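Novice: Take a look at entry_21.txt, compact mmCIF, C-alpha atoms:
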# COMPACT_ATOMS: atom_id res chain seq x y z
CA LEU A 578 4.42 -28.57 10.64
CA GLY A 579 1.85 -27.36 8.12
CA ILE A 580 2.30 -24.31 5.92
CA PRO A 581 5.09 -21.84 6.80
CA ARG A 582 3.87 -19.24 9.28
CA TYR A 583 6.37 -16.45 8.49
CA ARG A 584 8.31 -15.08 5.52
CA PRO A 585 11.90 -13.99 6.23
CA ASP A 586 13.05 -10.78 4.56
CA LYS A 587 15.99 -11.15 2.17
CA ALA A 588 18.47 -8.58 0.89
CA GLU A 589 17.43 -7.71 -2.66
CA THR A 590 20.77 -7.49 -4.46
CA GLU A 591 19.72 -5.04 -7.16
CA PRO A 592 19.81 -1.38 -6.02
CA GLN A 593 16.31 -0.06 -5.38
CA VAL A 594 15.57 3.63 -5.98
CA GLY A 595 13.72 5.45 -3.23
CA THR A 596 14.17 2.61 -0.73
CA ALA A 597 16.85 2.01 1.90
CA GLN A 598 17.63 -1.01 4.05
CA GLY A 599 17.42 -0.40 7.79
CA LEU A 600 17.87 -2.10 11.13
CA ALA A 601 15.70 -1.68 14.22
CA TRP A 602 15.68 -3.31 17.64
CA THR A 603 12.47 -5.05 18.66
CA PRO A 604 11.33 -7.41 21.45
CA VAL A 605 10.51 -10.06 18.80
CA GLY A 606 14.25 -10.25 18.15
CA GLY A 607 15.86 -8.81 15.03
CA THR A 608 14.26 -7.73 11.78
CA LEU A 609 15.02 -5.76 8.62
CA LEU A 610 13.25 -2.43 8.86
CA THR A 611 12.49 -1.27 5.32
CA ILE A 612 12.25 2.46 4.60
CA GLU A 613 10.61 3.42 1.30
CA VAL A 614 9.71 6.97 0.26
CA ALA A 615 8.33 8.57 -2.89
CA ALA A 616 9.25 11.79 -4.69
CA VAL A 617 5.97 12.93 -6.23
CA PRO A 618 5.22 16.48 -7.44
CA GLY A 619 3.08 18.74 -5.30
CA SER A 620 2.90 21.90 -3.20
CA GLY A 621 5.16 20.66 -0.40
CA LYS A 622 3.93 18.31 2.32
CA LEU A 623 5.22 15.49 4.51
CA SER A 624 3.22 12.38 5.40
CA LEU A 625 4.25 9.54 7.70
CA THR A 626 2.40 6.36 6.76
CA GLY A 627 2.91 2.75 7.85
CA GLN A 628 1.38 3.46 11.28
CA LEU A 629 4.69 5.10 12.31
CA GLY A 630 5.38 5.92 15.99
CA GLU A 631 5.36 9.52 17.31
CA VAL A 632 9.13 9.21 17.86
CA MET A 633 9.88 8.80 14.11
CA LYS A 634 7.88 11.99 13.39
CA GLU A 635 10.79 14.21 14.46
CA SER A 636 13.75 12.02 13.45
CA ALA A 637 12.52 11.83 9.85
CA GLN A 638 11.81 15.56 9.93
CA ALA A 639 15.34 16.29 11.16
CA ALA A 640 16.80 14.08 8.43
CA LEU A 641 14.75 15.88 5.79
CA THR A 642 15.87 19.17 7.33
CA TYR A 643 19.52 18.16 6.94
CA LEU A 644 18.83 17.30 3.30
CA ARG A 645 17.06 20.66 2.87
CA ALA A 646 20.10 22.47 4.30
CA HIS A 647 22.38 20.35 2.07
CA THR A 648 20.48 20.36 -1.23
CA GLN A 649 23.56 21.22 -3.32
CA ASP A 650 25.77 18.76 -1.43
CA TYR A 651 24.29 15.80 -3.34
CA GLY A 652 22.57 17.25 -6.40
CA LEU A 653 19.18 17.43 -4.69
CA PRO A 654 16.51 19.62 -6.31
CA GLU A 655 16.95 23.29 -5.46
CA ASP A 656 13.25 23.80 -4.63
CA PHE A 657 11.97 20.34 -3.73
CA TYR A 658 10.45 21.67 -0.49
CA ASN A 659 7.69 23.32 -2.58
CA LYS A 660 7.43 20.70 -5.36
CA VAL A 661 8.31 17.25 -4.00
CA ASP A 662 5.79 15.80 -1.54
CA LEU A 663 7.31 13.50 1.06
CA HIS A 664 5.51 10.20 1.68
CA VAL A 665 7.47 8.13 4.19
CA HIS A 666 6.23 4.55 4.56
CA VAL A 667 7.53 1.50 6.47
CA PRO A 668 6.15 -2.08 6.49
CA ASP A 669 4.50 -3.79 8.08
CA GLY A 670 1.91 -1.17 7.02
CA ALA A 671 0.29 -1.95 10.40
CA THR A 672 3.09 -2.71 12.92
CA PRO A 673 3.88 -0.58 16.06
CA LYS A 674 7.36 0.92 15.36
CA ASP A 675 9.17 3.35 17.75
CA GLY A 676 12.64 4.86 18.41
CA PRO A 677 14.73 7.25 16.23
CA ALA A 678 17.59 4.68 16.21
CA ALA A 679 18.88 3.99 12.65
CA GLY A 680 17.10 7.21 11.56
CA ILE A 681 19.85 7.71 8.93
CA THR A 682 18.02 5.04 6.85
CA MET A 683 15.17 7.55 6.34
CA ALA A 684 17.69 10.25 5.45
CA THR A 685 19.30 7.88 2.94
CA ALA A 686 15.90 6.77 1.61
CA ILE A 687 14.82 10.39 1.05
CA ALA A 688 18.17 11.18 -0.58
CA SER A 689 17.81 8.20 -2.92
CA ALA A 690 14.26 9.20 -3.86
CA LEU A 691 15.22 12.85 -4.41
CA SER A 692 18.43 12.28 -6.39
CA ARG A 693 17.15 9.19 -8.27
CA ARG A 694 20.23 7.33 -7.01
CA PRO A 695 19.31 3.80 -5.85
CA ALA A 696 20.57 2.58 -2.48
CA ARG A 697 22.01 -0.92 -2.15
CA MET A 698 20.38 -3.23 0.39
CA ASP A 699 23.65 -5.17 0.68
CA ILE A 700 24.56 -2.38 3.14
CA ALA A 701 22.39 -1.78 6.20
CA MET A 702 21.84 1.55 8.01
CA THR A 703 22.10 2.27 11.77
CA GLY A 704 22.30 5.39 13.88
CA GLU A 705 20.43 8.59 14.69
CA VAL A 706 21.06 11.62 12.48
CA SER A 707 21.17 15.04 14.15
CA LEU A 708 20.31 18.39 12.58
CA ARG A 709 24.02 19.01 11.99
CA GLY A 710 24.46 15.45 10.68
CA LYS A 711 26.31 14.06 13.70
CA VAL A 712 25.38 10.42 14.28
CA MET A 713 24.76 9.79 17.98
CA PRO A 714 25.15 6.28 19.42
CA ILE A 715 22.09 4.09 19.97
CA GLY A 716 21.19 0.94 21.87
CA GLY A 717 20.42 -2.64 20.92
CA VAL A 718 23.07 -2.54 18.20
CA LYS A 719 24.06 -6.21 18.43
CA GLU A 720 20.64 -7.66 17.53
CA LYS A 721 20.09 -5.26 14.62
CA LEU B 578 -40.38 -17.71 9.08
CA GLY B 579 -41.29 -14.18 8.02
CA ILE B 580 -39.76 -11.24 6.14
CA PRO B 581 -36.31 -11.40 4.50
CA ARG B 582 -33.96 -10.08 7.17
CA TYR B 583 -30.57 -10.16 5.42
CA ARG B 584 -29.56 -10.44 1.77
CA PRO B 585 -26.81 -12.74 0.44
CA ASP B 586 -23.66 -11.27 -1.04
CA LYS B 587 -23.99 -11.25 -4.83
CA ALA B 588 -21.24 -11.12 -7.46
CA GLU B 589 -22.20 -8.11 -9.56
CA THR B 590 -21.93 -8.93 -13.26
CA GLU B 591 -21.61 -5.60 -15.08
CA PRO B 592 -18.22 -3.92 -14.50
CA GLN B 593 -18.87 -0.44 -13.12
CA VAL B 594 -16.48 2.51 -13.21
CA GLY B 595 -14.97 3.45 -9.86
CA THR B 596 -15.82 0.16 -8.14
CA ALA B 597 -13.75 -2.74 -6.85
CA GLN B 598 -14.70 -6.04 -5.25
CA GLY B 599 -13.03 -6.81 -1.94
CA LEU B 600 -12.80 -9.40 0.85
CA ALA B 601 -12.59 -8.36 4.54
CA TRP B 602 -12.61 -11.16 7.17
CA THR B 603 -15.05 -10.42 10.05
CA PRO B 604 -15.96 -12.22 13.35
CA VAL B 605 -18.45 -14.09 11.06
CA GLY B 606 -15.75 -14.57 8.36
CA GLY B 607 -14.54 -12.62 5.29
CA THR B 608 -17.06 -10.28 3.58
CA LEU B 609 -17.30 -9.04 -0.06
CA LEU B 610 -16.77 -5.35 0.75
CA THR B 611 -17.74 -3.39 -2.37
CA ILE B 612 -15.14 -0.63 -2.24
CA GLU B 613 -16.51 2.57 -3.76
CA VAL B 614 -14.32 5.59 -4.52
CA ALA B 615 -14.81 8.90 -6.31
CA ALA B 616 -12.79 11.01 -8.74
CA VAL B 617 -14.87 14.22 -8.66
CA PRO B 618 -12.97 17.40 -9.63
CA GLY B 619 -11.74 20.14 -7.32
CA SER B 620 -8.60 20.85 -5.35
CA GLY B 621 -6.30 18.27 -3.82
CA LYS B 622 -8.11 16.53 -0.96
CA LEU B 623 -8.50 13.00 0.39
CA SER B 624 -11.74 11.83 2.02
CA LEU B 625 -11.83 8.50 3.89
CA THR B 626 -15.35 7.79 5.13
CA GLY B 627 -17.37 4.70 6.18
CA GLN B 628 -15.78 4.28 9.66
CA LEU B 629 -12.39 3.85 7.87
CA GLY B 630 -9.73 3.33 10.56
CA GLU B 631 -6.17 4.56 10.28
CA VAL B 632 -4.90 1.11 9.28
CA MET B 633 -6.97 1.68 6.12
CA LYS B 634 -6.15 5.41 6.01
CA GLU B 635 -2.42 5.00 5.48
CA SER B 636 -3.19 2.00 3.25
CA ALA B 637 -5.23 4.19 0.89
CA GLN B 638 -2.61 6.93 1.16
CA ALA B 639 0.15 4.49 0.17
CA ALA B 640 -1.87 3.14 -2.76
CA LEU B 641 -2.62 6.67 -3.99
CA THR B 642 1.05 7.62 -3.59
CA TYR B 643 2.10 4.63 -5.69
CA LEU B 644 -0.43 5.65 -8.34
CA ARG B 645 0.97 9.20 -8.23
CA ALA B 646 4.44 8.05 -9.31
CA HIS B 647 3.02 5.64 -11.92
CA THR B 648 0.82 7.97 -13.97
CA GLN B 649 1.64 6.80 -17.50
CA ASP B 650 2.04 3.21 -16.27
CA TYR B 651 -1.76 2.97 -15.88
CA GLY B 652 -2.99 5.91 -17.95
CA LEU B 653 -3.91 8.24 -15.09
CA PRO B 654 -4.21 11.99 -15.75
CA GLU B 655 -0.89 13.83 -15.63
CA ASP B 656 -2.23 16.54 -13.28
CA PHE B 657 -4.75 14.64 -11.14
CA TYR B 658 -3.10 14.79 -7.69
CA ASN B 659 -3.64 18.54 -7.28
CA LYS B 660 -7.00 18.42 -9.05
CA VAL B 661 -8.70 15.29 -7.67
CA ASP B 662 -11.10 14.76 -4.77
CA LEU B 663 -10.87 11.16 -3.55
CA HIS B 664 -13.69 9.88 -1.34
CA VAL B 665 -12.98 6.24 -0.38
CA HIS B 666 -16.39 4.83 0.71
CA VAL B 667 -16.69 1.34 2.31
CA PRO B 668 -20.00 -0.52 3.05
CA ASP B 669 -21.33 -0.16 5.60
CA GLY B 670 -21.18 3.37 7.09
CA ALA B 671 -22.23 1.66 10.35
CA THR B 672 -19.63 -1.19 10.16
CA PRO B 673 -16.34 0.02 11.79
CA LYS B 674 -13.95 -1.98 9.51
CA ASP B 675 -10.29 -2.56 10.61
CA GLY B 676 -6.97 -3.77 9.08
CA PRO B 677 -4.97 -2.87 5.90
CA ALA B 678 -5.55 -6.22 4.10
CA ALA B 679 -7.77 -4.44 1.50
CA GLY B 680 -4.90 -2.31 0.09
CA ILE B 681 -5.26 -3.89 -3.39
CA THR B 682 -9.10 -3.61 -3.36
CA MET B 683 -9.04 0.15 -2.56
CA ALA B 684 -6.10 0.61 -5.00
CA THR B 685 -8.11 -1.25 -7.70
CA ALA B 686 -11.13 1.04 -7.04
CA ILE B 687 -9.11 4.31 -7.32
CA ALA B 688 -7.18 2.89 -10.33
CA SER B 689 -10.47 2.04 -12.15
CA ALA B 690 -11.86 5.52 -11.27
CA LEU B 691 -8.74 7.42 -12.47
CA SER B 692 -8.36 5.27 -15.64
CA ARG B 693 -12.18 5.23 -16.18
CA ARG B 694 -11.82 1.48 -16.97
CA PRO B 695 -14.19 -0.60 -14.74
CA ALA B 696 -12.39 -3.27 -12.62
CA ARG B 697 -13.50 -6.95 -12.63
CA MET B 698 -16.05 -7.13 -9.75
CA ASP B 699 -16.36 -10.84 -10.74
CA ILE B 700 -12.82 -11.20 -9.25
CA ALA B 701 -11.97 -10.95 -5.50
CA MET B 702 -8.91 -8.97 -4.24
CA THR B 703 -6.80 -9.19 -1.01
CA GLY B 704 -3.35 -7.95 0.05
CA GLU B 705 -1.75 -4.66 1.06
CA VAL B 706 0.51 -2.47 -1.09
CA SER B 707 3.76 -0.55 -0.65
CA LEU B 708 5.37 2.36 -2.47
CA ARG B 709 7.33 -0.07 -4.67
CA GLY B 710 4.10 -1.89 -5.55
CA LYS B 711 5.10 -5.15 -3.87
CA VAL B 712 1.99 -6.84 -2.48
CA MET B 713 2.65 -8.10 1.04
CA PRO B 714 0.90 -11.26 2.27
CA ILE B 715 -1.96 -11.29 4.75
CA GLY B 716 -3.23 -13.46 7.60
CA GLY B 717 -6.41 -15.50 7.40
CA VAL B 718 -6.96 -15.74 3.65
CA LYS B 719 -8.99 -18.97 3.68
CA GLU B 720 -12.07 -17.18 5.04
CA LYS B 721 -11.78 -14.51 2.33
CA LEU B 722 -11.54 -17.18 -0.37
CA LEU B 723 -14.48 -19.02 1.19
CA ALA B 724 -16.66 -15.89 1.15
CA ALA B 725 -15.66 -15.10 -2.44
CA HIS B 726 -16.54 -18.62 -3.59
CA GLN B 727 -19.90 -18.55 -1.78
CA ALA B 728 -20.87 -15.13 -3.16
CA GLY B 729 -20.53 -16.24 -6.79
CA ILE B 730 -16.96 -15.08 -7.48
CA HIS B 731 -15.01 -17.55 -9.63
CA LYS B 732 -11.72 -15.63 -10.05
CA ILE B 733 -9.31 -14.54 -7.32
CA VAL B 734 -6.22 -12.33 -7.20
CA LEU B 735 -3.63 -13.21 -4.56
CA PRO B 736 -0.13 -11.89 -3.75
CA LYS B 737 2.78 -13.95 -5.05
CA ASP B 738 3.94 -14.31 -1.43
CA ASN B 739 0.92 -16.47 -0.51
CA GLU B 740 1.54 -19.70 -2.45
CA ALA B 741 2.21 -21.49 0.84
CA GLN B 742 -1.29 -20.49 1.96
CA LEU B 743 -3.19 -22.45 -0.71
CA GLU B 744 -2.79 -25.97 0.75
CA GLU B 745 -5.05 -25.13 3.71
CA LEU B 746 -7.72 -23.82 1.32
CA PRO B 747 -10.87 -26.01 1.16
CA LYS B 748 -10.77 -28.60 -1.61
CA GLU B 749 -14.09 -28.18 -3.44
CA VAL B 750 -13.57 -24.41 -3.16
CA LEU B 751 -10.09 -24.42 -4.69
CA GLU B 752 -10.76 -26.09 -8.07
CA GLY B 753 -13.73 -23.84 -8.80
CA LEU B 754 -11.62 -20.72 -8.16
CA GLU B 755 -8.85 -19.85 -10.58
CA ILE B 756 -5.99 -18.43 -8.51
CA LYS B 757 -4.08 -15.56 -10.09
CA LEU B 758 -0.72 -14.92 -8.42
CA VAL B 759 0.72 -11.40 -8.62
CA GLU B 760 4.07 -10.11 -7.39
CA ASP B 761 2.96 -6.47 -7.66
CA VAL B 762 -0.06 -4.38 -8.60
CA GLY B 763 1.55 -3.81 -12.00
CA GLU B 764 0.11 -7.22 -12.86
CA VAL B 765 -3.28 -6.66 -11.19
CA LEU B 766 -4.05 -3.37 -12.93
CA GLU B 767 -4.09 -4.91 -16.43
CA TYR B 768 -5.59 -8.30 -15.56
CA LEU B 769 -8.54 -6.62 -13.82
CA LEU B 770 -9.18 -3.25 -15.46
CA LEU B 771 -10.81 -3.27 -18.88
CA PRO B 772 -8.38 -2.47 -21.73
CA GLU B 773 -10.51 0.55 -22.73
CA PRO B 774 -12.29 3.35 -20.86
CA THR B 775 -16.02 4.01 -21.05
CA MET B 776 -16.81 7.46 -19.63
CA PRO B 777 -14.46 10.46 -19.83
CA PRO B 778 -12.36 11.45 -16.80
CA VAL B 779 -12.30 14.80 -15.03
CA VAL B 780 -10.26 17.47 -16.80
Would you write the structure of this file as structure tokens?
Specialist:
Amino acid sequence: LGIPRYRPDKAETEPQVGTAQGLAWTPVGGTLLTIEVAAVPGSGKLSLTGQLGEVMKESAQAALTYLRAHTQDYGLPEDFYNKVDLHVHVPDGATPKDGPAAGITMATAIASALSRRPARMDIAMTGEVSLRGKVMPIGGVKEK
Amino acid sequence: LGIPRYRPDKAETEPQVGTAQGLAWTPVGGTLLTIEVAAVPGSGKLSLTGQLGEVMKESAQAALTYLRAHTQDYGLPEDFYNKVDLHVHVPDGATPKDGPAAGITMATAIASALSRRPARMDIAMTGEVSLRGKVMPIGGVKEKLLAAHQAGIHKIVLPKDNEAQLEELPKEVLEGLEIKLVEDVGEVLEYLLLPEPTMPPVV
């Protein structure tokens, strides 16, 4: 059949810091959404790279807001909202993503980056995180 | 025939600070885009000019973000991010480029500029970058390799996820091109950049 046309994504066993495994429904079937964020010094800013969809622009913000309101719950920096600059990124760097489903992944990715505690990809993330933290149900759960 | 209309792509010999060779496939095939960036002083600000689409905008942002968390890994200044003005220029200002397959090329350019160590223009680059540094594969790499070979480039840098792509590469092209395989940019940034700087950085 010639050279392979696609590269399946595997679960990297070793815990990666600042990255969290995620699941997202898609018409091309099922795929491993990967959420990676950085904790770099700065004056306080949030950027949403990876050609993210407008829908993820408020789910990620709500997750970061929960972490901001729970900074001492998990040893997060007391004043990271003026020092740490948020750079959310999700590959493919140029793929049309949409839907706040499995938004918790971003929350967990940001928590891992902030607290320097790596998140295992042997466990996958699903569900939308509210401002209070309540995880509302989503759709297309079986494929993800 | 008449006057010279176009000019062939030439592999520049002397390594220049703040420059990086690149390969961008076009309707007429891949092209040796000479990525030019700047590290002029000032406040924190990013400039993306040369009809740079968003697919390249977040690519450059991701590369710069990776470099921000890897300061001492490549010798960048410890306080650059607040005090750097980055102006990613791509030839030609008229050409509306598209696609994030030049993530390594733009990253190489900014890396060479920040470290003041000229990158190897004699080598061609291709592949996007993430925040972990893993270089994702691309689509349509044979045209990029073809353009690099025709323009006088004899060394290529390719992501370590693209080994399956080399069998479709043209034969007489492939022997004349040494193929460096990299899992992450942490291998590109010492194979390309000179081990010493030439001109002092911005303080």
Novice: Restricting the calculation to all atoms listed in the file, which member of B:653, B:713, B:612, B:661 is positioned closest to chain A?
Specialist: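 With all atoms listed in the file as the atom set, the closest residue is B:713.
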Novice: Env of residue A:654: 8 Å cut, atoms = only C-alpha atoms, seq-sep filter 3 positions within chain, self excluded. Answer as a list in words.
Specialist: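 My list of contacting residues is residues 648, 649, 657, 691 and 692 of chain A.
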Novice: Kindly provide the residues of chain A that approach chain B to within 6 Å, each paired with its closest atom pair and their distance in Å to one decimal, based on only C-alpha atoms, listed by chain and increasing number, as JSON lines.
Specialist:
{"residue": "A:580", "atom": "CA", "partner": "B:741", "partner_atom": "CA", "distance": 5.8}
{"residue": "A:617", "atom": "CA", "partner": "B:646", "partner_atom": "CA", "distance": 6.0}
{"residue": "A:626", "atom": "CA", "partner": "B:635", "partner_atom": "CA", "distance": 5.2}
Novice: Which is closest to residue A:666 among B:721, B:765, B:600, B:640, if we use only C-alpha atoms?
Specialist: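 Checking each candidate against residue A:666, we get B:640 as the closest.
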Novice: For residue B:611, which residue among B:761, B:720, B:699, B:675 is the nearest when counting all atoms listed in the file?
Specialist: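 Of B:761, B:720, B:699, B:675, the one nearest residue B:611 is B:699, counting all atoms listed in the file.
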Novice: Please write as a PyMOL selection string the list of polymer residues whose atoms come within 10 Å of (14.2, -10.1, 3.0), counting only C-alpha atoms and keeping to the coordinates of the file.
Specialist: chain A and resi 584-589+598+608-611+698
Novice: Residues within 10 Å of (14.2, 15.2, 11.7), file coordinates, counting all atoms listed in the file: what are they? Give the list as an NGL selection string.
Specialist: :A and (632-644 or 677 or 680-681 or 683-684 or 705-708)
Novice: Write stretch 598-610 of chain B as an mmCIF file, in the coordinates of the input, completed to N, CA and C atoms.
Specialist:
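Dumped to part.cif:
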data_model
loop_
_atom_site.group_PDB
_atom_site.id
_atom_site.type_symbol
_atom_site.label_atom_id
_atom_site.label_comp_id
_atom_site.auth_asym_id
_atom_site.auth_seq_id
_atom_site.Cartn_x
_atom_site.Cartn_y
_atom_site.Cartn_z
ATOM 1 N N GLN B 598 -14.334 -4.996 -6.193
ATOM 2 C CA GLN B 598 -14.700 -6.040 -5.250
ATOM 3 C C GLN B 598 -13.595 -6.211 -4.211
ATOM 4 N N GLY B 599 -13.986 -6.638 -3.015
ATOM 5 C CA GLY B 599 -13.030 -6.810 -1.940
ATOM 6 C C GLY B 599 -13.451 -7.905 -0.990
ATOM 7 N N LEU B 600 -12.506 -8.339 -0.148
ATOM 8 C CA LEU B 600 -12.800 -9.400 0.850
ATOM 9 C C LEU B 600 -12.216 -8.981 2.200
ATOM 10 N N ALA B 601 -13.076 -8.724 3.189
ATOM 11 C CA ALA B 601 -12.590 -8.360 4.540
ATOM 12 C C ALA B 601 -13.110 -9.375 5.561
ATOM 13 N N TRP B 602 -12.204 -10.162 6.149
ATOM 14 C CA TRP B 602 -12.610 -11.160 7.170
ATOM 15 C C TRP B 602 -13.278 -10.439 8.346
ATOM 16 N N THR B 603 -14.349 -11.021 8.890
ATOM 17 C CA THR B 603 -15.050 -10.420 10.050
ATOM 18 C C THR B 603 -15.210 -11.501 11.128
ATOM 19 N N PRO B 604 -15.734 -11.195 12.334
ATOM 20 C CA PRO B 604 -15.960 -12.220 13.350
ATOM 21 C C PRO B 604 -16.829 -13.347 12.768
ATOM 22 N N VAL B 605 -17.604 -13.046 11.722
ATOM 23 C CA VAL B 605 -18.450 -14.090 11.060
ATOM 24 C C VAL B 605 -17.768 -14.521 9.754
ATOM 25 N N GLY B 606 -16.496 -14.155 9.565
ATOM 26 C CA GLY B 606 -15.750 -14.570 8.360
ATOM 27 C C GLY B 606 -15.568 -13.437 7.369
ATOM 28 N N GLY B 607 -14.798 -13.669 6.301
ATOM 29 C CA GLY B 607 -14.540 -12.620 5.290
ATOM 30 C C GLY B 607 -15.820 -12.131 4.643
ATOM 31 N N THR B 608 -15.843 -10.869 4.202
ATOM 32 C CA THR B 608 -17.060 -10.280 3.580
ATOM 33 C C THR B 608 -16.694 -9.597 2.262
ATOM 34 N N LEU B 609 -17.593 -9.641 1.272
ATOM 35 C CA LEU B 609 -17.300 -9.040 -0.060
ATOM 36 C C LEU B 609 -17.528 -7.530 -0.022
ATOM 37 N N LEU B 610 -16.668 -6.799 0.691
ATOM 38 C CA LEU B 610 -16.770 -5.350 0.750
ATOM 39 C C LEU B 610 -16.687 -4.775 -0.659
#
